[PDB]
Amino acid sequence: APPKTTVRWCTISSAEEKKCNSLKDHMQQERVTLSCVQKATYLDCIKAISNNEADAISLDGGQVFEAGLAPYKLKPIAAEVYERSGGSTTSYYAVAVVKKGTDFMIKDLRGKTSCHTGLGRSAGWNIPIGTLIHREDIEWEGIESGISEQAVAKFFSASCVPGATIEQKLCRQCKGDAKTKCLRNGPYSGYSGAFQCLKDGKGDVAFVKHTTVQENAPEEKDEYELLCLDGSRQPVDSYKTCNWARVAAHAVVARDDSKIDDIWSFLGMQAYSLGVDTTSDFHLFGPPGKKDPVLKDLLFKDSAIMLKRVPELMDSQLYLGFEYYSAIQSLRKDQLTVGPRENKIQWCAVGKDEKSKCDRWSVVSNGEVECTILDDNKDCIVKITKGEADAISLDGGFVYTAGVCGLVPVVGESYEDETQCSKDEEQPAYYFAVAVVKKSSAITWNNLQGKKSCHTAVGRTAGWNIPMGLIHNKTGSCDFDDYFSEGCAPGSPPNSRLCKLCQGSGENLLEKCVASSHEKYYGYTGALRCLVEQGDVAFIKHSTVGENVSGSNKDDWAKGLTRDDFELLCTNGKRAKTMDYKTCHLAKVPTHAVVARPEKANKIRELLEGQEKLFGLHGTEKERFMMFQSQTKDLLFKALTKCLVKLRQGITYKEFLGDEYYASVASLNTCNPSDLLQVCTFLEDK
């Protein structure tokens with residue numbers, strides 16, 4: 001994006017300043033130049049960027065946290081990347097290691113012996129302790145002038161918490177003398193130390209990082225375990241699904257309301273003229289043969305290989321993820337201890353209307369569920385990723401995204417009050433997507449390029465998303481238009497070949513290509529007629545043939561129509577009888593489901609099953625409020641929802657959606673991803 005601006009990098013050390021001007025010298029010659037301002041505290045720097053003296057700095061997981069807090073809401077615009085065998089990464093993970101065979105899981109740390117890395121260390125203090133604070137377990141609430149932080153003594157019978165000088169049982173298990181055992185360097189300190197402690201039977205849990213079991217014990221790793229927050233243990237290598245939280249990489253941060261593009265543009269050029277391989281000398285990351293301590297990690301970590309940009313919708317809170325953010329809430333902010341799941345659900349709504357209905361919900365449930373409001377589905381997910389909201393009913397599409405953002409399906413919407421409902425329920429009954437055609441057994445799926453297709457409307461499942469998704473799987477281009485010769489896809493941009501055949505209102509002038517019933521070929525029906533007047537391939541749902549053909553639609557285009565006139569295009573290449581669906585289909589698009597974070601999952605489940613007994617299709621109080629009836633239509637649930645099918649514990653979105661739909665969407669979305677899927681993709685790393 002175009003300028004000739006300087007960028008004021010901030011340094012807090014002279015050494016740092018040293019390479020900062022070394023940097024600038026290398027490219028006085030470019031559009032976006034650099035400036036160096038040194039200060040004493042990262043923190044000053046923070047405020048020196050909130051007041052516009054400066055432009056960017058590289059923060060640490062916890063630093064970047066407070067840089068985000070008002071009055072400076074500086075946001076991470078760029079993070080580092082670090083791997084060797086694997087590829088690349090924007091993270092590391094703290095674990096709680098236990099010994100295999102001792103049989104306690106996370107509720108049971110009350111009165112354990114613990115081994116830690118040091119006081120005020122993220123891995124060994126902040127994460128575990130703050131977690132255990134938010135859950136309840138360590139009961140710390142309101143430090144105004146309440147004796148405080150080292151209350152963990154009341155929780156754990158003994159510990160080894162290095163460099164603590166405020167208690168004594170926390171110093172108890174430290175190996176050494178007495179004066180040196182609780183020193184910050186007292187030998188059970190740091191990572192390895194905390195591990196040895198545990199190996200010395202001096203703990204029950206060493207709160208550490210993942211690599212440690214390989215680092216200290218690669219022989220006997222198999223004797224050790226992880227203690228996860230869902231109340232389970234998992235082996236050493238299952239860390240990615242068992243971490244207490246992943247101190248997401250070092251972030252360059254800057255102002256929201258500013259010239260960030262310029263800074264990323266400098267970091268960009270710099271990043272790799274003078275990169276990981278500089279043909280010669282100024283390095284921007286240069287890490288070896290143990291250099292002097294004050295030399296290393298100036299400006300960026302030397303470990304770094306790569307500076308990757310942050311998706312613009314990202315904020316401190318999202319980047320750091322949940323886990324860490326809330327751990328830092330706990331100790332870094334107030335004493336907050338009897339509410340992990342404060343047994344009562346913030347349902348997150350879209351649009352005032354939705355709110356109104358949720359307000360009804362609120363009331364009649366006697367406040368079991370409370371309500372938040374937004375302007376978007378986009379947004380409600382973020383309030384769910386951020387723990388400001390709990391659950392939302394999502395569409396098949398939305399589900400994928402949220403599922404990528406780690407929201408798991410809970411109850412799926414079923415629309416037949418007669419089929420899948422309790423015992424009755426097996427999985428909720430989706431509908432199909434199928435490409436219908438006529439006689440000419442010339443046409444097949446893999447030969448479809450360049451034919452004339454008719455589509456329901458763009459942005460719709462049936463007519464647009466599934467065919468085009470699948471098709472893009474095959475092509476690798478976001479070419480849409482330029483795949484078929486021409487066809488109809490309502491609301492296409494009128495120069496688009498997929499507006500060529502559209503007839504608008506009959507053919508009297510008016511609305512040649514609108515996605516509305518003021519267009520001749522709109523909807524499933526319109527498109528079935530569109531196979532009939534002009535198109536070669538129709539993309540629709542499986543009920544469309546058998547809803548208009550043999551004396552079902554009495555419009556003149558349809559008058560002589562009967563089902564052997566239309567066949568199904570199978571994906572495998574073959575064709576079939578319209579009347580033959582579960583076997584021949586493009587995709588079986590599942591219902592809406594509600595998603596939340598895994599933690600909220602099983603209670604959400606209960607909420608609704610209760611709420612339904614009272615306000616669903618044969619509810620106890622349904623005269624006050626019908627959970628499923630709306631003042632308009634799809635207000636919270638899909639108006640002609642019948643019952644709420646329980647999906648079994650920990651369902652993957654992928655399972656819920658099935659391989660066909662999952663493939664459709666995933667491919668369609670490599671084309672032009674939205675802001676939210678982008679971030680959820682970056683934090684699939686997290």
# chains A, B, ... in the order shown; residues from 1 in each chain; ligands from 1

$ residues_around --residues "residue 35 in chain A" --least-positions-apart "4" --cutoff "9 Å" --atoms "only C-alpha atoms" --output "list in words"
residues 6, 7, 8, 9, 10, 20, 21, 24 and 54 of chain A

$ write_last_selection --atoms "N, CA and C atoms" --output "short mmCIF file (atom, residue, chain, number, x, y, z; two decimals), in the first residue's frame"
data_model
loop_
_atom_site.label_atom_id
_atom_site.label_comp_id
_atom_site.auth_asym_id
_atom_site.auth_seq_id
_atom_site.Cartn_x
_atom_site.Cartn_y
_atom_site.Cartn_z
N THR A 6 8.55 7.19 7.25
CA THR A 6 9.49 6.56 8.14
C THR A 6 8.60 5.80 9.12
N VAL A 7 9.24 4.89 9.81
CA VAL A 7 8.60 4.07 10.80
C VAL A 7 9.64 4.17 11.90
N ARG A 8 9.10 4.40 13.10
CA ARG A 8 9.81 4.66 14.35
C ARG A 8 9.73 3.35 15.12
N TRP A 9 10.78 2.56 15.00
CA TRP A 9 10.86 1.31 15.70
C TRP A 9 11.23 1.76 17.09
N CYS A 10 10.79 1.05 18.12
CA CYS A 10 11.16 1.36 19.49
C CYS A 10 12.17 0.36 20.04
N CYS A 20 19.16 -1.55 15.63
CA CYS A 20 18.10 -0.76 15.02
C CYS A 20 18.70 0.25 14.07
N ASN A 21 19.69 1.03 14.45
CA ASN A 21 20.30 1.89 13.46
C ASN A 21 21.11 1.08 12.46
N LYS A 24 18.53 0.46 9.86
CA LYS A 24 18.22 1.61 9.02
C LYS A 24 19.24 1.92 7.92
N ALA A 54 6.07 6.86 18.39
CA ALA A 54 6.61 5.65 17.83
C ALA A 54 5.56 4.70 17.26
#

$ residues_around --residues "residue 548 in chain A" --least-positions-apart "6" --cutoff "9 Å" --atoms "only C-alpha atoms" --output "list in words"
residues 525, 528, 554, 555, 558, 561 and 562 of chain A

$ residues_around --residues "residue 508 in chain A" --least-positions-apart "6" --cutoff "12 Å" --atoms "only C-alpha atoms" --output "list in words"
residues 518, 519 and 520 of chain A

$ write_last_selection --atoms "N, CA, C and O atoms" --output "mmCIF file, in the first residue's frame"
data_model
loop_
_atom_site.group_PDB
_atom_site.id
_atom_site.type_symbol
_atom_site.label_atom_id
_atom_site.label_comp_id
_atom_site.auth_asym_id
_atom_site.auth_seq_id
_atom_site.Cartn_x
_atom_site.Cartn_y
_atom_site.Cartn_z
ATOM 1 N N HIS A 518 -38.601 -11.832 -8.689
ATOM 2 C CA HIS A 518 -38.903 -10.896 -9.733
ATOM 3 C C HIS A 518 -37.949 -11.334 -10.834
ATOM 4 O O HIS A 518 -37.628 -10.547 -11.730
ATOM 5 N N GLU A 519 -37.491 -12.586 -10.811
ATOM 6 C CA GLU A 519 -36.610 -13.151 -11.810
ATOM 7 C C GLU A 519 -37.277 -14.456 -12.195
ATOM 8 O O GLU A 519 -37.802 -15.168 -11.347
ATOM 9 N N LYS A 520 -37.224 -14.796 -13.489
ATOM 10 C CA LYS A 520 -37.909 -15.960 -14.013
ATOM 11 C C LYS A 520 -37.415 -17.296 -13.511
ATOM 12 O O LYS A 520 -38.194 -18.218 -13.326
#

$ residues_around --residues "residue 231 in chain A" --least-positions-apart "6" --cutoff "9 Å" --atoms "only C-alpha atoms" --output "JSON, numbers by chain"
{"A": [104, 105, 106, 107]}

$ write_last_selection --atoms "N, CA and C atoms" --output "short mmCIF file (atom, residue, chain, number, x, y, z; two decimals), in the first residue's frame"
data_model
loop_
_atom_site.label_atom_id
_atom_site.label_comp_id
_atom_site.auth_asym_id
_atom_site.auth_seq_id
_atom_site.Cartn_x
_atom_site.Cartn_y
_atom_site.Cartn_z
N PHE A 104 -4.79 -39.33 39.92
CA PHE A 104 -5.56 -38.13 40.23
C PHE A 104 -5.64 -37.35 38.96
N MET A 105 -6.74 -36.68 38.75
CA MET A 105 -6.87 -35.87 37.56
C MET A 105 -7.10 -34.45 38.10
N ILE A 106 -7.30 -33.46 37.23
CA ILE A 106 -7.44 -32.06 37.65
C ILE A 106 -8.35 -31.62 38.83
N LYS A 107 -9.49 -32.24 39.15
CA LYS A 107 -10.24 -31.82 40.33
C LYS A 107 -9.50 -32.13 41.62
#

$ closest_atom_pairs --of "range 50-169 of chain A" --to "range 262-286 of chain A" --cutoff "9 Å" --atoms "only C-alpha atoms" --output "tab-separated table"
residue	atom	partner	partner_atom	distance
A:55	CA	A:263	CA	7.7
A:56	CA	A:263	CA	7.5
A:77	CA	A:264	CA	7.7
A:78	CA	A:264	CA	7.4

$ write_last_selection --atoms "C-alpha atoms" --output "short mmCIF file (atom, residue, chain, number, x, y, z; two decimals), in the first residue's frame"
data_model
loop_
_atom_site.label_atom_id
_atom_site.label_comp_id
_atom_site.auth_asym_id
_atom_site.auth_seq_id
_atom_site.Cartn_x
_atom_site.Cartn_y
_atom_site.Cartn_z
CA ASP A 55 5.30 2.92 15.69
CA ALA A 56 6.16 -0.65 16.57
CA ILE A 77 0.06 -6.87 13.61
CA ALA A 78 2.93 -9.34 13.15
#
